[PDB]
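These notes concern the structure reproduced below.
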Amino acid sequence: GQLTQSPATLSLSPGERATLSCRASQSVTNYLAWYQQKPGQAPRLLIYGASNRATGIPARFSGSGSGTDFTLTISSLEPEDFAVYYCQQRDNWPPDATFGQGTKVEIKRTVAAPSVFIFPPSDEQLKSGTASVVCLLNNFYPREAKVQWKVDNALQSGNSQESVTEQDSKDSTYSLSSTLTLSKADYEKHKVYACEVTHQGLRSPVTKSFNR
Amino acid sequence: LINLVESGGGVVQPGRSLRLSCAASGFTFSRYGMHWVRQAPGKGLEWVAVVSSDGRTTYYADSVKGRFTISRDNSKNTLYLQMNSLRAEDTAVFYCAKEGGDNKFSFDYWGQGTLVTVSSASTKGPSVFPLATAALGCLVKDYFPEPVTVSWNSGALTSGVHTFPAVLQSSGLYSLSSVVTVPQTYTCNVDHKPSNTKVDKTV
Ligand SMILES: C[C@@H]1O[C@@H](O[C@@H]2[C@@H](O)[C@@H](O)[C@@H](CO)O[C@H]2O)[C@H](O)[C@H](O)[C@H]1O
């Protein structure tokens, strides 16, 4: 009925031991299964019956547990083990399968503050009738980052969407884009547009702004 | 050897129907129960339904019963998912999975997945606007549906490029940003197949 995985994210380096776990809501009659999933691909069975390795699964993957607690262990992480892992449960009847909400194994690296950039709406877009303000957070680590939009000091809420890239293959950092959407008439009624960024690599928040 | 191949996904309006197929080879199809498992964007796995090894008994997730019906043809080695009264919440990648040989409560093989997009928006090419260490980029806005490819300087500029995942705006249209940091000319080559839209944008 309910499967809960923890932790939500695991930041390790290649060669380290990864330990993830699933807590079943009730006692489980049918020994859990584990799956590995990489971006854009189908899940692939790793562990079935709690301790058995599916066919073609290297020895470094191990599972154990019984009743309500199960653990998936990767004795030593290889570059290809950085992915998302799901645990799964299923009975004879009712037949529905239930899945854990997933644990992401991510690459550990040193702290790196983002360099911030703010882009005004292009005149081109303004003559289309719309206004998009963009705040870029470039090459930072760790993932956690906070973007706060302000228009003439008015906190903006509900009118921005952000997007984040996967860990860069070279430096292992993340990049995030935040777009503030406004009707252009709205955009034209204001002066100061600012994006304040909070991140562990920064000792004080950084704000990039421009005057219309 | 063992293999599952799906087809049938597509972009559809709400209220319409789609039918998913999953052809199996490499094992005796008639012996195992088969399931459909979906994964909405930015989400985890969410079981959808199953049909017994002999197509006689079916079971559904509550969000789909009365609309979706799962069935099979053991003489064709094909699993189906008839989807009716599709709603926006349904868009996701749908996978077919086989109950395992050693343990039937695990899924040992999965199809590559088939995309189901349900939206009342119609096909539209994007408008590309300029985004002007230093950074610059291109805002590839208001297009439908996915995907769009972005490259810089016909593919000759690659270091420092960050092409962000598309975001679904409240208008039903997608939007994405592609930027590049430079410590020369800069052009984003945007391609949106679904609508034959192509733009080389010099920033
Ligand atoms: C859909 C099907 O549902 C369950 O099948 C079992 C079956 O193995 C028998 O045990 C029957 C009849 O008494 O009970 C059913 O519950 C299992 O979940 C199968 O794996 C599914 O394919």
Side-chain angles (χ1 to χ4, degrees), chain A residues 1-3 24 26-35 42-45 47-50 52 54-55 86-100, chain B residues 1-9 17-39 44-86 90 92-114 116:
Chain A
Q2 187 104 125
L3 252 43
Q26 309 145 40
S27 197
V28 286
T29 137
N30 282 320
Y31 274 10
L32 308 202
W34 292 90
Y35 302 90
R44 79 102 78 254
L45 180 66
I47 297 284
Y48 69 86
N52 306 278
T55 312
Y86 294 99
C87 78
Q88 175 262 317
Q89 185 215 330
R90 202 177 75 84
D91 282 306
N92 190 249
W93 194 276
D96 59 310
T98 171
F99 287 94
Chain B
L1 225 312
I2 284 81
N3 181 273
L4 295 175
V5 187
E6 313 169 41
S7 68
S17 311
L18 275 176
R19 201 172 102 105
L20 269 40
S21 268
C22 174
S25 67
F27 68 103
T28 296
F29 193 64
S30 33
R31 278 205 274 280
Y32 314 91
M34 296 294 288
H35 303 234
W36 282 106
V37 177
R38 73 163 196 160
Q39 172 171 54
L45 311 165
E46 187 179 305
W47 180 84
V48 186
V50 57
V51 59
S52 72
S53 86
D54 68 358
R56 313 261 270 302
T57 140
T58 59
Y59 200 87
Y60 305 88
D62 294 318
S63 54
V64 312
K65 61 177 61 168
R67 307 159 56 219
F68 297 3
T69 97
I70 182 171
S71 62
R72 67 193 301 162
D73 180 325
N74 295 341
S75 76
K76 260 181 160 71
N77 291 159
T78 301
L79 170 77
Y80 307 102
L81 187 63
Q82 176 61 46
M83 300 187 271
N84 294 317
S85 312
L86 288 165
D90 296 308
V93 174
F94 282 69
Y95 302 96
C96 42
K98 165 160 151 280
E99 283 170 23
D102 294 89
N103 188 320
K104 77 176 193 186
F105 304 107
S106 62
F107 299 110
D108 62 355
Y109 289 88
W110 305 62
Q112 89 276 15
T114 187
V116 172

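Only heavy atoms go into these numbers, but all of them, side chains included; no hydrogens, no water, no symmetry mates. Sequence lines set the chain letters: A, B, ... in the order given, protein chains first and strands last, and positions in each chain run from 1.
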I want to check something: taking the side chain as every heavy atom from C-beta on, are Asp91(A) and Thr29(A) in contact at a cut-off of under 4.5 Å? yes
Where do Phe105(B) and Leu32(A) land on the side chain to side chain contact (heavy atoms under 4.5 Å, CB included) test, with the steps shown first? CA-CA 8 Å; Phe105(B) 304 107; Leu32(A) 308 202; over 6 Å; no
For the pair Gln89(A) (side chain) and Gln2(A) (backbone), establish whether a donor and an acceptor sit closer than 3.5 Å, ignoring hydrogens and angles. no
Check whether any side-chain heavy atom of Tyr32(B) lies under 4.5 Å from a side-chain heavy atom of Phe27(B), and answer yes or no. yes
Please check if the side chain of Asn30(A) supplies one atom and the backbone of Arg90(A) the other of a donor-acceptor pair under 3.5 Å. yes
How about CD on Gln82(B), more than 12 heavy atoms from neighbouring residues, nucleotides or ligands closer than 6.0 Å, or not? yes
Minimum heavy-atom separation for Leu79(B) and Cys96(B), please, with both atom names. CD2-CB, 3.7 Å
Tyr60(B) six-ring centre to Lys65(B) NZ/CZ under 6.0 Å and within 45° of normal: no
Mind listing the closest non-hydrogen atom pair of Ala97(A) and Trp47(B) along with its distance? O-CB, 3.3 Å
Counting distance only, does the side-chain N/O of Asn74(B) pair as donor-acceptor with the main-chain N or O of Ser53(B) below 3.5 Å? yes
Side-chain touch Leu86(B)/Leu18(B), heavy atoms, less than 4.5 angstrom: yes
Rounded to the nearest 0.5 Å, how far does CG of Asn3(B) lie from OH of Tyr109(B)? 10.0 Å
If you define the side chain from C-beta out and look only at heavy atoms, does anything of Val116(B) sit under 4.5 Å from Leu20(B)? yes
What are the two closest non-hydrogen atoms of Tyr31(A) and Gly49(A), and how far apart are they? CD2-O, 3.2 Å
Find out whether the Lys NZ or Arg CZ of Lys104(B) is both under 6.0 angstrom from the six-membered ring centre of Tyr48(A) and within 45° of the ring's axis. no
Taking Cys22(B) as the fixed residue, which of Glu6(B), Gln112(B), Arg72(B) is the one that meets the side-chain contact (heavy atoms from CB on, under 4.5 Å) rule? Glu6(B)
Within-4.5 Å side-chain heavy-atom neighbours: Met34(B) and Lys98(B): yes
State, to 0.1 Å, how close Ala33(A) and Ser106(B) come at their nearest heavy-atom pair, and which atoms those are. CB-CB, 3.8 Å
Is any side-chain heavy atom of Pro43(A) less than 4.5 Å from a side-chain heavy atom of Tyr95(B)? yes
Return the minimal non-hydrogen interatomic distance between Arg38(B) and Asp90(B), and the atom names on each side. NH1-O, 3.2 Å
Closest approach of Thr114(B) to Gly9(B) (non-hydrogen atoms, all atoms of both residues): OG1-N, 2.8 Å
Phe99(A) side chain reached by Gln39(B) side chain, heavy atoms, under 4.5 Å: no
Taking the side chain as every heavy atom from C-beta outward, state whether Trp93(A) and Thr57(B) have any atom pair closer than 4.5 Å. yes
Under 3.5 Å donor-acceptor, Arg67(B) side chain and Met83(B) backbone: no
Results of ring pair (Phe, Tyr, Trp, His ring centres under 6.0 Å) for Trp110(B) - residues two or more places apart only: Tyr35(A), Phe107(B)
May I have the step-by-step check of side chain to side chain contact (heavy atoms under 4.5 Å, CB included) for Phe29(B) and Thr78(B), ending in yes or no? CA-CA 8 Å; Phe29(B) 193 64; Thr78(B) 301; 5.6 Å; no
How would you list, by chain and number, every residue that makes a side-chain contact (heavy atoms from CB on, under 4.5 Å) with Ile47(A), sequence neighbours excluded? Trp34(A), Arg53(A), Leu72(A)
